[PDB]
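Read through the structure below, which is laid out as structure tokens, and then see the notes.
Any read-out appearing in this document is the output of simple, stated calculations on the displayed coordinates, not a laboratory observation. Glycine gets a Cβ as well: all are built from the backbone with ideal geometry, and neighbour counts include every protein chain shown.
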Amino acid sequence: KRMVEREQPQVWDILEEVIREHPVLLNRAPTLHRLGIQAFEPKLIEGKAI
Amino acid sequence: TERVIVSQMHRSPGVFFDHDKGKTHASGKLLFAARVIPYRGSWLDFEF
Amino acid sequence: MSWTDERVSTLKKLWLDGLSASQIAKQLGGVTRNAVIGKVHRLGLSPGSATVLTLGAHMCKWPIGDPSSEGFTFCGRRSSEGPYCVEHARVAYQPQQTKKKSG
Amino acid sequence: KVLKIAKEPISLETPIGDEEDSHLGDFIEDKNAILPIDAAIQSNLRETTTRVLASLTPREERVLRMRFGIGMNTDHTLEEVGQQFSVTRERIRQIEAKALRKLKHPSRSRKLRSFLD
Amino acid sequence: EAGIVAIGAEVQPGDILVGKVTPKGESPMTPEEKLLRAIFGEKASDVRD
Amino acid sequence: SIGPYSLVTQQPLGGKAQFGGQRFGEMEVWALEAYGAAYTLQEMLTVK
Amino acid sequence: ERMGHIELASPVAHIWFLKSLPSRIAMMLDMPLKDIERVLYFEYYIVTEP
DNA sequence: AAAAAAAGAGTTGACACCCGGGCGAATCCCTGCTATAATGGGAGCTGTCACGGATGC
DNA sequence: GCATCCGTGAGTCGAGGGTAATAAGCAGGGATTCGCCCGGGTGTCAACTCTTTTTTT
Ligand SMILES: [Zn+2]
């Protein structure tokens with residue numbers, strides 16, 4: 001828990017390995033139909049915009 | 001933190017003659033209600 | 001004062017049989033008032049025509065005279081639907097009742 | 001002491017927002033609740049304490065588990081463990097000191113040091 | 001030394017701006033934590049961060 | 001990931017002030033019910 | 001998970017079974033809802049066992 | 001080829017002490033008693049419909 | 001058989017952060033609560049005796 005707090009450079013390699021096939025669920029605020037919730041495969045990218 | 005006060009808009013304290021446009025009635029007709037709404041006091045009505 | 005085995009026994013006995021807690025310390029001697037209270041708390045275990053007897057229903061009840069006197073009786077007349085009589089109903093209650101408020 | 005009485009506590013249903021929603025009951029934290037990350041750390045420590053208690057002799061391990069309630073719900077004092085053990089009162093402290101010195105080595109207490117920090 | 005960061009000091013996310021400690025009452029501890037504390041010899045503080 | 005929970009409900013607090021949690025709205029539960037997903041919605045409402 | 005009870009010196013009528021849309025107490029023994037409110041408010045006197 | 005001791009155990013007195021239980025003392029909570037004459041109450045809508053039902057003659 | 005009157009509804013995620021007013025008095029007696037101190041059970045140490053694994057002869 002202390003290694004990830006200081007943000008060591010070695011933790012980035014473990015994050016890319018764990019996020020390989022784990023799908024995440026994305027949905028908009030006004031979920032009108034069932035298509036509003038669709039899973040994707042996350043990929044690491046810079047910035048703060050999904 | 002400074003806080004400003006916005007102006008309020010409400011009905012004027014005067015007499016009015018408003019009649020419904022044939023609504024809330026069994027048959028087509030007008031009521032021609034009159035109000036004596038004051039500034040600070042009990043309201044008055046003379047609906048037909 | 002002392003707190004021997006006999007001191008607690010006599011104190012408990014005098015607290016159980018009944019006696020003023022203030023005089024409990026004086027009777028024991030030496031112990032003060034605060035000590036006995038702390039001990040008991042720490043140790044636990046802490047003219048008309050009718051008298052006042054022949055007054056039936058539907059009769060006058062306006063007193064005449066003094067109750068602590070020799071002759072004290074009531075009127076005792078036809079005074080139904082009211083405690084007092086008609087001759088005293090206008091002198092007892094507020095005459096000319098004129099009161100009103102909002103509701 | 002007369003001041004600071006905290007009279008008339010605020011109702012929990014008072015609307016914090018200007019509108020009717022967003023009451024004060026939502027902007028409150030529960031202090032008695034324990035986070036799952038804290039409980040997970042306790043299991044790791046409970047398991048690592050059993051692995052570290054494997055190189056010591058059986059007598060010292062038994063006396064340490066008797067004085068310190070590691071696997072026992074009720075704690076035992078020095079005299080209580082001495083009445084059940086051969087050493088009445090004195091050598092129990094010596095055995096405890098020897099067991100503590102055996103655990104003070106960095107090779108044997110390397111993984112256990114991260115818990116205190 | 002007073003416990004406040006100096007003016008013009010660069011600070012990062014999750015930094016101690018003002019060091020404040022409050023007196024914490026005595027609370028029971030798990031036996032394993034007590035054993036670890038006795039092994040390391042450190043004394044548990046009576047104040048909370 | 002893990003933050004302070006509510007007082008009486010024992011649920012994660014809301015709002016970005018102190019580690020808020022994205023509210024799983026009522027309409028969002030209907031989306032999972034539309035799909036055949038039954039274990040994702042079962043654990044997302046009880047164990048989380 | 002521990003509850004407590006409060007003792008009442010006098011009986012009280014449930015508000016749900018009284019002021020609800022269908023008068024549950026009024027449906028019994030053919031009693032109008034206007035008459036039950038008078039007895040509960042201690043306004044009138046009801047007679048029984050004639 | 002032989003043969004005794006620093007540790008390892010085992011105790012035996014010798015303090016150091018640390019909350020517990022009383023002895024006090026100092027101080028909180030309850031309860032009642034005050035004697036000229038006091039004699040019916042203050043907001044609140046009222047700028048949404050529409051439905052769906054519950055009383056009445 | 002109709003006319004008049006009283007309950008339910010109003011999307012959904014996000015921001016924003018704490019609040020606020022009246023105000024009698026004193027005498028009796030108990031229950032409560034904070035300071036000191038003796039104290040007996042818990043720790044922390046000088047300091048006297050069996051065993052034995054060699055290390056020396
Ligand atoms: Zn008379």
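Below, the figures for the structure above:
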| item | result |
| --- | --- |
| Number of the condition not met by F:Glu33 [criteria: (1) more than 12 Å from the chain's Cα centre (by Cα); (2) among the acidic types (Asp, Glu); (3) more than 9 Å from every other protein chain (Cβ to nearest Cβ)] | (3) |
| Candidates C:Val40, C:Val91, C:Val86, C:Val8 - the one that is near DNA strand H (Cβ under 10 Å from one of its atoms) and out of contact with any strand residue (DSSP E or B) (no Cβ under 6 Å at 6 or more places or on another chain) | C:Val8 |
| Residue under evaluation F:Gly36, criteria (1) within 16 Å of A:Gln38 (Cβ to Cβ); (2) surrounded by 12 or more Cβ atoms within 10 Å (Cβ to Cβ), criterion not met | (2) |
| Test result for C:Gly29, of a type outside the set (A, V, I, L, M, F, W, C) and within 16 Å of the ligand (Cβ to nearest atom) | no |
| Output for the stretch C:1-48, where each listed residue is under 30 Å from C:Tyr84 (Cα atoms) and surrounded by fewer than 12 Cβ atoms within 10 Å (Cβ to Cβ) | C:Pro47 |
| Test for A:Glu21: is it surrounded by fewer than 10 Cβ atoms within 10 Å (Cβ to Cβ) and assigned to a helix (DSSP H, G or I) | no |
| Pairs with Cβ under 7 Å, 6+ apart, first in the stretch D:1-23 and away from chain F (no Cβ under 14 Å), second part of a loop (DSSP other than H, G, I, E, B) and away from DNA strand I (no atom under 11 Å from the Cβ) | none |
| Elements of type helices (runs of 4 or more DSSP H) in the stretch C:14-103, at least 3 residues being away from DNA strand I (no atom under 16 Å from the Cβ) | C:86-92 |
| Unique match (being of a type outside the set (D, E, K, R) and surrounded by 10 or more Cβ atoms within 10 Å (Cβ to Cβ)) among A:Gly47, A:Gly36 | A:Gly36 |
| Test: A:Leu15 is surrounded by 10 or more Cβ atoms within 10 Å (Cβ to Cβ) and farther than 30 Å from F:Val29 by Cβ | yes |
| Selected residue (criterion: farthest from the other protein chains (Cβ to nearest Cβ)) from residues of the stretch D:56-81 that are over 27 Å from D:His105 (Cα atoms) and not polar (S, T, N, Q) | D:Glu79 |
| Search result, residues across the stretch D:41-55 that are of a type in the set (A, V, I, L, M) and within 9 Å of chain E (Cβ to nearest Cβ) | D:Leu45 |
| For C:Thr98: the one exception among (1) more than 9 Å from the ligand (Cβ to nearest atom); (2) on the phi > 0 side of the Ramachandran plot | (2) |
| Selection from the stretch B:1-32 of residues that are surrounded by 10 or more Cβ atoms within 10 Å (Cβ to Cβ) and part of a loop (DSSP other than H, G, I, E, B) | B:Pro13, B:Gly14, B:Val15, B:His19, B:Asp20, B:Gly22, B:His25, B:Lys29, B:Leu30, B:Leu31, B:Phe32 |
